[PDB]
file upload-v3.cif (mmCIF, C-alpha atoms and all ligand atoms)
data_work
loop_
_atom_site.label_atom_id
_atom_site.label_comp_id
_atom_site.auth_asym_id
_atom_site.auth_seq_id
_atom_site.Cartn_x
_atom_site.Cartn_y
_atom_site.Cartn_z
CA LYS A 2 -15.72 -6.09 13.57
CA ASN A 3 -18.57 -3.72 14.42
CA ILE A 4 -18.20 -0.59 16.53
CA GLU A 5 -21.22 -1.67 18.59
CA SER A 6 -19.04 -4.32 20.27
CA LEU A 7 -16.48 -1.75 21.46
CA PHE A 8 -18.59 0.02 24.09
CA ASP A 9 -20.76 -0.37 27.14
CA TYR A 10 -24.13 1.36 27.04
CA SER A 11 -26.05 3.32 29.64
CA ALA A 12 -29.57 2.22 30.48
CA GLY A 13 -30.81 5.17 28.43
CA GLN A 14 -28.73 4.36 25.35
CA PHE A 15 -29.62 0.66 25.43
CA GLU A 16 -33.34 1.15 26.03
CA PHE A 17 -33.63 3.86 23.37
CA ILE A 18 -32.09 1.61 20.71
CA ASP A 19 -34.42 -1.19 21.81
CA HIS A 20 -37.46 1.08 21.49
CA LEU A 21 -36.30 2.43 18.11
CA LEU A 22 -36.13 -1.07 16.63
CA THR A 23 -39.37 -2.20 18.29
CA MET A 24 -41.23 0.89 17.06
CA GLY A 25 -39.88 0.22 13.58
CA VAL A 26 -41.37 -3.28 13.70
CA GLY A 27 -44.77 -1.91 14.68
CA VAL A 28 -44.80 0.72 11.93
CA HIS A 29 -43.92 -1.75 9.17
CA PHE A 30 -46.44 -4.40 10.22
CA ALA A 31 -49.12 -1.74 10.75
CA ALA A 32 -48.48 -0.49 7.21
CA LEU A 33 -48.53 -4.11 6.02
CA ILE A 34 -52.20 -4.40 6.99
CA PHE A 35 -52.93 -1.16 5.11
CA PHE A 36 -51.33 -2.27 1.84
CA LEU A 37 -53.10 -5.64 2.12
CA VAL A 38 -56.57 -4.11 2.47
CA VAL A 39 -56.02 -1.44 -0.20
CA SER A 40 -54.71 -3.92 -2.80
CA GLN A 41 -58.28 -4.86 -3.76
CA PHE A 42 -58.73 -1.31 -5.11
CA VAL A 43 -55.71 -1.55 -7.44
CA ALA A 44 -56.21 -2.50 -11.08
CA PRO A 45 -54.53 -5.79 -12.10
CA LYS A 46 -51.92 -3.84 -14.10
CA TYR A 47 -50.61 -2.20 -10.90
CA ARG A 48 -51.60 -4.67 -8.17
CA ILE A 49 -48.08 -6.16 -8.18
CA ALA A 50 -46.76 -2.78 -6.98
CA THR A 51 -48.92 -2.90 -3.85
CA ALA A 52 -48.10 -6.57 -3.20
CA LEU A 53 -44.40 -5.66 -3.30
CA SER A 54 -45.01 -3.15 -0.51
CA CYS A 55 -46.48 -5.99 1.57
CA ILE A 56 -43.35 -8.04 0.83
CA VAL A 57 -41.09 -5.14 1.85
CA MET A 58 -43.06 -4.52 5.06
CA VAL A 59 -42.62 -8.09 6.30
CA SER A 60 -39.01 -8.33 5.10
CA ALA A 61 -37.97 -5.06 6.74
CA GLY A 62 -40.12 -5.74 9.80
CA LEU A 63 -38.50 -9.14 10.33
CA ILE A 64 -34.99 -7.69 10.15
CA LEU A 65 -35.89 -4.93 12.61
CA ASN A 66 -37.41 -7.61 14.84
CA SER A 67 -34.29 -9.77 14.45
CA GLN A 68 -32.07 -6.77 15.24
CA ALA A 69 -34.10 -5.98 18.37
CA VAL A 70 -33.82 -9.52 19.75
CA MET A 71 -30.12 -9.68 18.87
CA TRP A 72 -29.69 -6.38 20.73
CA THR A 73 -31.28 -7.72 23.91
CA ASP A 74 -29.49 -11.07 23.54
CA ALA A 75 -26.05 -9.47 23.19
CA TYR A 76 -26.15 -7.17 26.23
CA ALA A 77 -27.04 -7.50 29.90
CA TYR A 78 -27.11 -4.97 32.74
CA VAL A 79 -23.87 -5.64 34.65
CA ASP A 80 -22.33 -3.36 37.30
CA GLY A 81 -24.42 -0.35 36.32
CA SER A 82 -24.32 -0.55 32.52
CA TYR A 83 -25.29 -2.81 29.63
CA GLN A 84 -22.23 -4.87 28.69
CA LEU A 85 -21.53 -7.35 25.90
CA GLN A 86 -22.26 -11.00 26.72
CA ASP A 87 -21.80 -14.16 24.53
CA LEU A 88 -23.88 -13.28 21.47
CA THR A 89 -22.95 -10.53 19.04
CA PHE A 90 -24.87 -7.65 17.50
CA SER A 91 -24.23 -6.68 13.89
CA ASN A 92 -25.66 -4.45 11.18
CA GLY A 93 -24.52 -6.90 8.50
CA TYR A 94 -27.94 -8.56 8.31
CA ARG A 95 -29.41 -5.28 7.07
CA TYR A 96 -27.05 -5.48 4.09
CA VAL A 97 -28.04 -9.08 3.30
CA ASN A 98 -31.72 -8.12 3.43
CA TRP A 99 -31.17 -5.15 1.08
CA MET A 100 -30.26 -7.73 -1.58
CA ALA A 101 -33.99 -8.56 -1.61
CA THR A 102 -35.77 -5.39 -0.47
CA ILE A 103 -34.03 -2.89 -2.77
CA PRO A 104 -35.01 -4.81 -5.95
CA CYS A 105 -38.58 -4.89 -4.61
CA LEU A 106 -38.59 -1.12 -4.05
CA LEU A 107 -37.20 -0.56 -7.55
CA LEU A 108 -39.59 -3.00 -9.23
CA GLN A 109 -42.74 -1.36 -7.85
CA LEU A 110 -41.47 1.99 -9.15
CA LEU A 111 -41.05 0.54 -12.65
CA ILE A 112 -44.58 -0.88 -12.49
CA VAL A 113 -46.32 2.42 -11.77
CA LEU A 114 -44.11 4.04 -14.42
CA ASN A 115 -46.08 1.89 -16.92
CA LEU A 116 -42.98 0.03 -18.12
CA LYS A 117 -43.73 -3.27 -19.83
CA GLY A 118 -42.24 -6.21 -21.67
CA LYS A 119 -38.58 -6.03 -22.62
CA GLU A 120 -37.99 -2.49 -21.36
CA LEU A 121 -39.25 -3.62 -17.94
CA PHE A 122 -37.01 -6.70 -17.91
CA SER A 123 -33.95 -4.81 -19.17
CA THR A 124 -34.39 -1.85 -16.81
CA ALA A 125 -34.97 -4.09 -13.79
CA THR A 126 -31.93 -6.21 -14.64
CA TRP A 127 -29.58 -3.22 -14.81
CA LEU A 128 -31.11 -1.66 -11.69
CA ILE A 129 -30.74 -4.88 -9.70
CA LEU A 130 -27.15 -5.39 -10.88
CA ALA A 131 -26.28 -1.83 -9.85
CA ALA A 132 -28.07 -2.26 -6.52
CA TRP A 133 -26.32 -5.57 -5.78
CA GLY A 134 -22.96 -4.03 -6.64
CA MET A 135 -23.71 -1.20 -4.22
CA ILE A 136 -24.82 -3.52 -1.41
CA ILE A 137 -22.01 -6.07 -1.74
CA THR A 138 -19.24 -3.46 -1.80
CA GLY A 139 -20.86 -1.65 1.12
CA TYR A 140 -21.12 -4.90 3.07
CA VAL A 141 -17.41 -5.61 2.57
CA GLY A 142 -16.55 -2.06 3.62
CA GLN A 143 -18.41 -2.14 6.93
CA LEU A 144 -16.40 -5.23 7.92
CA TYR A 145 -13.48 -2.80 8.39
CA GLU A 146 -15.28 -0.10 10.41
CA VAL A 147 -13.16 -1.07 13.44
CA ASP A 148 -9.90 -2.41 12.00
CA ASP A 149 -9.36 -0.27 8.88
CA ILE A 150 -11.29 2.99 8.47
CA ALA A 151 -9.31 3.76 5.31
CA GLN A 152 -10.59 0.55 3.72
CA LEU A 153 -14.15 1.33 4.84
CA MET A 154 -13.97 4.62 2.94
CA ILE A 155 -12.51 3.16 -0.27
CA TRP A 156 -15.16 0.42 -0.40
CA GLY A 157 -17.70 3.15 0.31
CA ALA A 158 -16.44 5.14 -2.66
CA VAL A 159 -16.88 2.14 -4.97
CA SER A 160 -20.34 1.55 -3.49
CA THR A 161 -21.21 5.23 -3.97
CA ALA A 162 -20.36 4.87 -7.67
CA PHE A 163 -22.96 2.11 -8.02
CA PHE A 164 -25.34 4.26 -5.96
CA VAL A 165 -24.98 7.26 -8.28
CA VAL A 166 -25.36 5.15 -11.43
CA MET A 167 -28.45 3.45 -9.98
CA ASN A 168 -29.98 6.84 -9.15
CA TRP A 169 -29.27 8.03 -12.70
CA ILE A 170 -31.16 5.05 -14.12
CA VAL A 171 -34.06 5.74 -11.74
CA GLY A 172 -34.10 9.45 -12.55
CA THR A 173 -33.85 8.89 -16.30
CA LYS A 174 -36.75 6.43 -16.29
CA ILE A 175 -38.95 8.58 -14.04
CA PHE A 176 -38.61 11.83 -15.99
CA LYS A 177 -38.82 10.02 -19.35
CA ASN A 178 -41.97 8.00 -18.55
CA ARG A 179 -43.60 10.68 -16.39
CA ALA A 180 -45.62 11.76 -19.44
CA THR A 181 -47.36 8.37 -19.70
CA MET A 182 -48.84 8.52 -16.19
CA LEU A 183 -52.54 9.10 -15.55
CA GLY A 184 -54.67 10.96 -13.04
CA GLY A 185 -52.10 13.66 -12.37
CA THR A 186 -49.60 11.14 -11.00
CA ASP A 187 -47.06 12.63 -13.42
CA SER A 188 -46.65 15.31 -10.74
CA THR A 189 -46.68 12.84 -7.83
CA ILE A 190 -43.95 10.64 -9.30
CA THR A 191 -41.48 13.55 -9.27
CA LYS A 192 -41.89 13.84 -5.50
CA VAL A 193 -41.23 10.09 -5.24
CA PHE A 194 -37.88 10.65 -6.97
CA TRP A 195 -36.87 13.32 -4.46
CA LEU A 196 -38.07 11.18 -1.55
CA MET A 197 -35.78 8.42 -2.82
CA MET A 198 -32.82 10.78 -3.16
CA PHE A 199 -33.32 12.04 0.40
CA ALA A 200 -34.15 8.76 2.13
CA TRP A 201 -31.58 6.53 0.42
CA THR A 202 -28.78 9.05 1.09
CA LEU A 203 -29.26 8.54 4.84
CA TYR A 204 -27.77 5.04 4.52
CA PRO A 205 -24.25 6.11 3.43
CA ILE A 206 -24.36 8.76 6.17
CA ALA A 207 -24.97 6.06 8.78
CA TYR A 208 -22.30 3.95 7.06
CA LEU A 209 -19.74 6.70 7.79
CA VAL A 210 -20.68 7.08 11.49
CA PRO A 211 -17.64 4.99 12.59
CA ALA A 212 -15.47 7.59 10.82
CA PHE A 213 -16.82 10.79 12.42
CA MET A 214 -18.42 9.55 15.65
CA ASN A 215 -16.80 6.34 16.92
CA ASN A 216 -18.42 6.19 20.35
CA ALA A 217 -21.54 4.85 22.04
CA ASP A 218 -23.52 7.95 21.06
CA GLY A 219 -22.59 7.40 17.42
CA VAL A 220 -24.03 3.89 17.76
CA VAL A 221 -27.32 5.48 18.82
CA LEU A 222 -27.13 7.97 15.94
CA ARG A 223 -26.63 5.22 13.34
CA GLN A 224 -29.68 3.26 14.51
CA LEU A 225 -31.63 6.53 14.54
CA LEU A 226 -30.62 7.28 10.94
CA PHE A 227 -31.56 3.72 9.96
CA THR A 228 -35.01 4.22 11.50
CA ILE A 229 -35.65 7.50 9.66
CA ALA A 230 -34.36 6.00 6.42
CA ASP A 231 -36.31 2.73 6.70
CA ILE A 232 -39.60 4.48 7.44
CA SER A 233 -39.07 7.03 4.66
CA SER A 234 -37.72 4.67 1.99
CA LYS A 235 -40.20 1.83 2.62
CA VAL A 236 -43.35 3.01 4.43
CA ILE A 237 -43.79 6.57 3.13
CA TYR A 238 -42.40 5.49 -0.25
CA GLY A 239 -44.83 2.58 -0.42
CA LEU A 240 -47.74 4.82 0.55
CA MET A 241 -46.90 7.10 -2.38
CA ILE A 242 -46.49 4.17 -4.78
CA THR A 243 -49.85 2.77 -3.66
CA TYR A 244 -51.56 6.15 -4.07
CA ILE A 245 -50.11 6.43 -7.58
CA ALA A 246 -51.31 2.89 -8.36
CA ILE A 247 -54.83 3.63 -7.09
CA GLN A 248 -55.05 6.98 -8.87
CA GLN A 249 -53.92 5.52 -12.20
CA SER A 250 -56.32 2.60 -11.72
CA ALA A 251 -59.24 4.99 -11.24
CA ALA A 252 -58.18 7.10 -14.24
CA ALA A 253 -58.06 3.94 -16.38
CA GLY A 254 -61.64 3.08 -15.40
CA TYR A 255 -61.12 0.47 -12.67
CA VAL A 256 -64.40 0.72 -10.75
CA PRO A 257 -63.09 -0.46 -7.33
CA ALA A 258 -60.43 2.25 -7.50
CA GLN A 259 -62.99 4.92 -8.44
CA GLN A 260 -65.23 3.89 -5.54
CA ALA A 261 -62.31 3.73 -3.10
CA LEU A 262 -61.12 7.25 -3.93
CA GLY A 263 -64.72 8.48 -4.01
CA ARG A 264 -65.51 7.33 -0.47
CA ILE A 265 -62.79 9.55 1.06
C1 LIG B 301 -34.94 -0.11 2.62
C2 LIG B 301 -33.49 -0.15 2.49
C3 LIG B 301 -32.85 0.66 1.64
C4 LIG B 301 -33.62 1.61 0.77
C5 LIG B 301 -31.38 0.58 1.54
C6 LIG B 301 -30.64 1.47 0.87
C7 LIG B 301 -29.19 1.27 0.84
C8 LIG B 301 -28.36 2.10 0.19
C9 LIG B 301 -28.88 3.30 -0.54
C10 LIG B 301 -26.91 1.82 0.19
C11 LIG B 301 -26.03 2.77 0.51
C12 LIG B 301 -24.55 2.62 0.54
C13 LIG B 301 -23.82 3.56 -0.08
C14 LIG B 301 -24.48 4.71 -0.78
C15 LIG B 301 -22.31 3.48 -0.07
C16 LIG B 301 -21.89 3.11 1.35
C17 LIG B 301 -22.36 1.70 1.66
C18 LIG B 301 -23.81 1.47 1.22
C19 LIG B 301 -24.54 0.22 1.73
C20 LIG B 301 -24.27 2.07 2.55
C1 LIG B 302 -40.27 9.74 9.51
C2 LIG B 302 -39.36 10.04 10.69
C3 LIG B 302 -39.37 8.90 11.70
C4 LIG B 302 -38.62 9.28 12.97
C5 LIG B 302 -38.35 8.05 13.84
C6 LIG B 302 -37.66 8.42 15.15
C7 LIG B 302 -38.67 8.84 16.21
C8 LIG B 302 -37.99 9.09 17.56
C9 LIG B 302 -36.79 9.99 17.36
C10 LIG B 302 -35.93 10.39 18.48
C11 LIG B 302 -36.33 11.51 19.41
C12 LIG B 302 -35.12 11.92 20.24
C13 LIG B 302 -34.90 10.94 21.39
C14 LIG B 302 -33.90 11.48 22.41
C15 LIG B 302 -32.57 10.73 22.33
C16 LIG B 302 -31.97 10.53 23.72
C17 LIG B 302 -30.47 10.28 23.64
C18 LIG B 302 -30.11 9.03 24.42
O1 LIG B 302 -30.24 9.00 25.66
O2 LIG B 302 -29.67 8.02 23.83
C1 LIG B 303 -45.44 -2.43 19.02
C2 LIG B 303 -44.51 -1.31 18.56
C3 LIG B 303 -45.26 0.00 18.40
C4 LIG B 303 -46.42 -0.15 17.42
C5 LIG B 303 -46.91 1.22 16.94
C6 LIG B 303 -48.25 1.10 16.23
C7 LIG B 303 -48.62 2.40 15.52
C8 LIG B 303 -48.43 2.27 14.01
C9 LIG B 303 -48.80 3.58 13.35
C10 LIG B 303 -48.86 3.68 11.88
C11 LIG B 303 -47.82 2.98 11.04
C12 LIG B 303 -47.95 3.42 9.58
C13 LIG B 303 -49.10 2.69 8.89
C14 LIG B 303 -50.31 3.60 8.71
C15 LIG B 303 -51.10 3.20 7.47
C16 LIG B 303 -51.38 4.42 6.59
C17 LIG B 303 -51.97 5.56 7.42
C18 LIG B 303 -52.69 6.52 6.50
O1 LIG B 303 -53.39 6.10 5.55
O2 LIG B 303 -52.60 7.76 6.68
CL CL B 304 -55.52 -3.66 -15.52
CL CL B 305 -56.22 -1.95 -16.26
CL CL B 306 -34.59 -4.12 4.60
CL CL B 307 -17.00 -3.62 29.62
#
call {"tool": "encode", "arguments": {"input": "upload-v3.cif", "output": "structure tokens", "more": "lines below"}}
Ligand SMILES: *C/C=C(C)/C=C/C=C(C)/C=C/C1=C(C)CCCC1(C)C
Ligand SMILES: CCCCCCCC/C=C\CCCCCCCC(=O)O
Ligand SMILES: CCCCCCCC/C=C\CCCCCCCC(=O)O
Ligand SMILES: [Cl-]
Ligand SMILES: [Cl-]
Ligand SMILES: [Cl-]
Ligand SMILES: [Cl-]
result
Amino acid sequence: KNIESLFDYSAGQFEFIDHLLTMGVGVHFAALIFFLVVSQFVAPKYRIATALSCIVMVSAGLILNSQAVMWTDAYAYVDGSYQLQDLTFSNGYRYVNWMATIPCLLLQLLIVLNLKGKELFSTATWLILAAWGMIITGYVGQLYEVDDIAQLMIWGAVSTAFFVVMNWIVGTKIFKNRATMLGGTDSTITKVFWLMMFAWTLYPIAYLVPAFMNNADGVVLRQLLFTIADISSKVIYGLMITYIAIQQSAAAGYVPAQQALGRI
């Protein structure tokens, strides 16, 4: 069902994909240690936002690790190239994991936006429903990336509709609650919005790779786009969320935050 199964891979193509996934594991678990240590400098009001980054680091890191082992399990060097064996490789597990990681990325944004109570519960509910609609329709579409490209594009259009509506909720909440943010993070949160628009858009681009580059080099390109998008949407994004959480904690008088920012 996946275009990965259609091709043999040169030693260079196979080893580069292996190193891309392995490097992605190292980056996420290295960042995990950072968010863990820094969490003690976050005020209790925002500490959930930094803990969610730790949850995203292990969740994304485990999928990248699972993809890397599946990649080496599925292919062996036979007659001068890496060829498919018994076990299969698939990108579908990324979609299943997004069902958990995307709500975590959205929740930590709502936390540093100083949303509370019923507006927090209502906004998160609509964001998660829009995200799940996007992921499920996209998962169904990529099942047809070999057998029915036309069906992959129609499911992608439905998924893009959820994507655009989700981004409109995110943008509306950011620019409406930007005024409530402390320590100059009202400026920083606008860059987080544009980082999200850039990084999250890489995923539909990779989703369309079977339509404009259905060959072994397109397989490499898709994993490369996934690596750029994962690092930007989770690691860099989490580093900006954590900075915003620390800066607002210090502005609100949290002494550990003031001492942490003061020592650097
Ligand atoms: C850390 C993982 C993230 C931020 C995943 C983001 C996923 C998306 C933004 C989903 C994108 C899709 C569309 C925009 C329509 C085509 C199918 C979906 C999955 C790829
Ligand atoms: C924040 C951005 C993170 C970027 C992560 C990717 C880092 C490595 C990127 C690729 C460099 C180009 C590698 C050359 C590809 C060789 C083609 C091939 O033989 O398959
Ligand atoms: C084993 C696979 C390769 C492992 C590579 C290890 C290198 C990881 C490098 C950094 C990952 C990002 C985490 C850095 C924490 C924040 C850095 C900062 O505060 O500027
Ligand atoms: Cl607090
Ligand atoms: Cl507080
Ligand atoms: Cl993920
Ligand atoms: Cl073959």
call {"tool": "closest_residue", "arguments": {"input": "upload-v3.cif", "among": "A:156, A:201, A:133, A:30", "to": "ligand LIG 303 (chain B)", "atoms": "all atoms listed in the file"}}
result
A:30
call {"tool": "residues_near_ligand", "arguments": {"input": "upload-v3.cif", "ligand": "ligand CL 307 (chain B)", "cutoff": "10 Å", "atoms": "all atoms listed in the file", "output": "VMD selection string"}}
result
chain A and resid 6 to 10 79 to 80 82 to 86
call {"tool": "closest_atom_pairs", "arguments": {"input": "upload-v3.cif", "of": "chain A", "to": "ligand LIG 301 (chain B)", "cutoff": "9 Å", "atoms": "only C-alpha atoms and all ligand atoms", "output": "tab-separated table"}}
result
residue	atom	partner	partner_atom	distance
A:57	CA	B:LIG301	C1	8.0
A:61	CA	B:LIG301	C1	7.1
A:95	CA	B:LIG301	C2	8.0
A:96	CA	B:LIG301	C19	6.7
A:98	CA	B:LIG301	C2	8.2
A:99	CA	B:LIG301	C2	5.7
A:100	CA	B:LIG301	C5	8.9
A:102	CA	B:LIG301	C1	6.2
A:103	CA	B:LIG301	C4	5.7
A:106	CA	B:LIG301	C4	7.4
A:132	CA	B:LIG301	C10	7.9
A:135	CA	B:LIG301	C18	6.1
A:136	CA	B:LIG301	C19	4.9
A:137	CA	B:LIG301	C19	7.6
A:138	CA	B:LIG301	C17	7.0
A:139	CA	B:LIG301	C17	3.7
A:140	CA	B:LIG301	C19	6.3
A:141	CA	B:LIG301	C17	8.9
A:142	CA	B:LIG301	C17	7.2
A:143	CA	B:LIG301	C17	7.6
A:153	CA	B:LIG301	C16	8.7
A:154	CA	B:LIG301	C16	8.2
A:156	CA	B:LIG301	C16	7.5
A:157	CA	B:LIG301	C16	4.3
A:158	CA	B:LIG301	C15	6.6
A:159	CA	B:LIG301	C15	7.4
A:160	CA	B:LIG301	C15	4.4
A:161	CA	B:LIG301	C15	4.4
A:162	CA	B:LIG301	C15	8.0
A:163	CA	B:LIG301	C14	7.8
A:164	CA	B:LIG301	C14	5.3
A:165	CA	B:LIG301	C14	7.9
A:197	CA	B:LIG301	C4	8.0
A:198	CA	B:LIG301	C9	8.9
A:200	CA	B:LIG301	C4	7.3
A:201	CA	B:LIG301	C9	4.3
A:202	CA	B:LIG301	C9	6.0
A:203	CA	B:LIG301	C9	7.5
A:204	CA	B:LIG301	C11	4.9
A:205	CA	B:LIG301	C20	4.1
A:206	CA	B:LIG301	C20	7.6
A:207	CA	B:LIG301	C20	7.4
A:208	CA	B:LIG301	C20	5.3
A:209	CA	B:LIG301	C16	7.7
A:227	CA	B:LIG301	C2	8.6
A:230	CA	B:LIG301	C4	7.2
A:231	CA	B:LIG301	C1	5.2
A:232	CA	B:LIG301	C1	8.1
A:233	CA	B:LIG301	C1	8.5
A:234	CA	B:LIG301	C4	5.3
A:235	CA	B:LIG301	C1	5.6
call {"tool": "residues_near_ligand", "arguments": {"input": "upload-v3.cif", "ligand": "ligand CL 304 (chain B)", "cutoff": "6 Å", "atoms": "all atoms listed in the file", "output": "list in words"}}
result
residues 44, 45 and 46 of chain A
call {"tool": "closest_atom_pairs", "arguments": {"input": "upload-v3.cif", "of": "chain A", "to": "ligand LIG 303 (chain B)", "cutoff": "7 Å", "atoms": "only C-alpha atoms and all ligand atoms", "output": "tab-separated table"}}
result
residue	atom	partner	partner_atom	distance
A:23	CA	B:LIG303	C2	5.2
A:24	CA	B:LIG303	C2	4.2
A:25	CA	B:LIG303	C2	7.0
A:26	CA	B:LIG303	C2	6.1
A:27	CA	B:LIG303	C4	3.7
A:28	CA	B:LIG303	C11	3.9
A:29	CA	B:LIG303	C11	6.4
A:31	CA	B:LIG303	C13	4.8
A:32	CA	B:LIG303	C13	3.6
A:35	CA	B:LIG303	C15	5.3
A:236	CA	B:LIG303	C12	6.9
call {"tool": "atom_distance", "arguments": {"input": "upload-v3.cif", "atom1": "atom CA of residue A:222", "atom2": "atom CA of residue A:67"}}
result
19.2 Å
call {"tool": "closest_residue", "arguments": {"input": "upload-v3.cif", "among": "A:259, A:91, A:250, A:228", "to": "residue A:2", "atoms": "only C-alpha atoms"}}
result
A:91
call {"tool": "residues_near_ligand", "arguments": {"input": "upload-v3.cif", "ligand": "ligand LIG 302 (chain B)", "cutoff": "7 Å", "atoms": "all atoms listed in the file", "output": "list in words"}}
result
residues 13, 14, 17, 21, 218, 221, 225, 228, 229, 232 and 233 of chain A
call {"tool": "write_last_selection", "arguments": {"input": "upload-v3.cif", "atoms": "C-alpha atoms", "output": "compact mmCIF listing (two decimals), in the frame of the given file"}}
result
# COMPACT_ATOMS: atom_id res chain seq x y z
CA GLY A 13 -30.81 5.17 28.43
CA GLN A 14 -28.73 4.36 25.35
CA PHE A 17 -33.63 3.86 23.37
CA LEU A 21 -36.30 2.43 18.11
CA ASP A 218 -23.52 7.95 21.06
CA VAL A 221 -27.32 5.48 18.82
CA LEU A 225 -31.63 6.53 14.54
CA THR A 228 -35.01 4.22 11.50
CA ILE A 229 -35.65 7.50 9.66
CA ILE A 232 -39.60 4.48 7.44
CA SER A 233 -39.07 7.03 4.66
call {"tool": "closest_residue", "arguments": {"input": "upload-v3.cif", "among": "A:117, A:48, A:20, A:223", "to": "residue A:178", "atoms": "all atoms listed in the file"}}
result
A:117
call {"tool": "closest_residue", "arguments": {"input": "upload-v3.cif", "among": "A:177, A:66, A:169, A:134", "to": "residue A:116", "atoms": "only C-alpha atoms"}}
result
A:177
call {"tool": "closest_residue", "arguments": {"input": "upload-v3.cif", "among": "A:68, A:188, A:115, A:11", "to": "ligand CL 305 (chain B)", "atoms": "only C-alpha atoms and all ligand atoms"}}
result
A:115
call {"tool": "residues_around", "arguments": {"input": "upload-v3.cif", "residues": "residue A:108", "least_positions_apart": "6", "cutoff": "12 Å", "atoms": "only C-alpha atoms", "output": "JSON, numbers by chain"}}
result
{"A": [47, 49, 50, 51, 52, 53, 54, 56, 57, 101, 102, 114, 115, 116, 117, 121, 122, 123, 124, 125, 126, 127, 128, 129, 132, 171, 239, 242]}
call {"tool": "atom_distance", "arguments": {"input": "upload-v3.cif", "atom1": "atom CA of residue A:38", "atom2": "atom CA of residue A:109"}}
result
17.5 Å
call {"tool": "decode", "arguments": {"input": "upload-v3.cif", "residues": "stretch 155-206 of chain A", "atoms": "C-alpha atoms", "output": "PDB file, in the first residue's frame"}}
result
ATOM      1  CA  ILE A 155      -9.525  13.807  -2.448  1.00  0.00           C
ATOM      2  CA  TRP A 156      -8.911  12.547   1.092  1.00  0.00           C
ATOM      3  CA  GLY A 157      -6.067  15.060   1.265  1.00  0.00           C
ATOM      4  CA  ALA A 158      -8.450  17.860   0.305  1.00  0.00           C
ATOM      5  CA  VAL A 159     -10.842  16.906   3.115  1.00  0.00           C
ATOM      6  CA  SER A 160      -7.888  16.685   5.506  1.00  0.00           C
ATOM      7  CA  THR A 161      -6.635  20.086   4.329  1.00  0.00           C
ATOM      8  CA  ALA A 162     -10.031  21.566   5.232  1.00  0.00           C
ATOM      9  CA  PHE A 163      -9.620  20.383   8.828  1.00  0.00           C
ATOM     10  CA  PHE A 164      -6.030  21.657   8.698  1.00  0.00           C
ATOM     11  CA  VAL A 165      -7.081  25.163   7.632  1.00  0.00           C
ATOM     12  CA  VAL A 166      -9.879  25.354  10.217  1.00  0.00           C
ATOM     13  CA  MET A 167      -7.503  24.164  12.950  1.00  0.00           C
ATOM     14  CA  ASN A 168      -4.963  26.826  11.957  1.00  0.00           C
ATOM     15  CA  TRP A 169      -7.697  29.477  12.054  1.00  0.00           C
ATOM     16  CA  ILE A 170      -8.570  28.498  15.632  1.00  0.00           C
ATOM     17  CA  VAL A 171      -4.879  28.615  16.573  1.00  0.00           C
ATOM     18  CA  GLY A 172      -4.339  31.968  14.871  1.00  0.00           C
ATOM     19  CA  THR A 173      -7.487  33.501  16.344  1.00  0.00           C
ATOM     20  CA  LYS A 174      -6.541  32.451  19.882  1.00  0.00           C
ATOM     21  CA  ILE A 175      -2.910  33.576  19.550  1.00  0.00           C
ATOM     22  CA  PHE A 176      -3.603  37.070  18.221  1.00  0.00           C
ATOM     23  CA  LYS A 177      -6.556  37.555  20.593  1.00  0.00           C
ATOM     24  CA  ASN A 178      -4.741  36.492  23.783  1.00  0.00           C
ATOM     25  CA  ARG A 179      -1.343  37.907  22.763  1.00  0.00           C
ATOM     26  CA  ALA A 180      -2.148  41.027  24.807  1.00  0.00           C
ATOM     27  CA  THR A 181      -2.358  39.042  28.069  1.00  0.00           C
ATOM     28  CA  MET A 182       1.200  37.694  27.826  1.00  0.00           C
ATOM     29  CA  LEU A 183       4.010  38.917  30.068  1.00  0.00           C
ATOM     30  CA  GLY A 184       7.712  39.650  29.749  1.00  0.00           C
ATOM     31  CA  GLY A 185       7.537  40.618  26.087  1.00  0.00           C
ATOM     32  CA  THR A 186       6.354  37.137  25.079  1.00  0.00           C
ATOM     33  CA  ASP A 187       3.501  38.857  23.230  1.00  0.00           C
ATOM     34  CA  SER A 188       6.093  39.359  20.488  1.00  0.00           C
ATOM     35  CA  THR A 189       7.565  35.858  20.800  1.00  0.00           C
ATOM     36  CA  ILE A 190       4.195  34.110  20.476  1.00  0.00           C
ATOM     37  CA  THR A 191       3.663  35.624  17.013  1.00  0.00           C
ATOM     38  CA  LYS A 192       6.839  33.911  15.796  1.00  0.00           C
ATOM     39  CA  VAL A 193       5.518  30.642  17.247  1.00  0.00           C
ATOM     40  CA  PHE A 194       2.431  31.014  15.044  1.00  0.00           C
ATOM     41  CA  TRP A 195       4.545  31.414  11.905  1.00  0.00           C
ATOM     42  CA  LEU A 196       6.801  28.524  12.929  1.00  0.00           C
ATOM     43  CA  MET A 197       3.672  26.365  13.173  1.00  0.00           C
ATOM     44  CA  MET A 198       2.402  27.498   9.766  1.00  0.00           C
ATOM     45  CA  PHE A 199       5.764  26.696   8.166  1.00  0.00           C
ATOM     46  CA  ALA A 200       6.564  23.432   9.952  1.00  0.00           C
ATOM     47  CA  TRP A 201       3.100  21.850   9.853  1.00  0.00           C
ATOM     48  CA  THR A 202       2.741  22.602   6.124  1.00  0.00           C
ATOM     49  CA  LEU A 203       5.699  20.300   5.403  1.00  0.00           C
ATOM     50  CA  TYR A 204       3.534  17.291   6.307  1.00  0.00           C
ATOM     51  CA  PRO A 205       0.984  17.659   3.454  1.00  0.00           C
ATOM     52  CA  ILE A 206       3.920  18.262   1.098  1.00  0.00           C
TER      53      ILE A 206
END
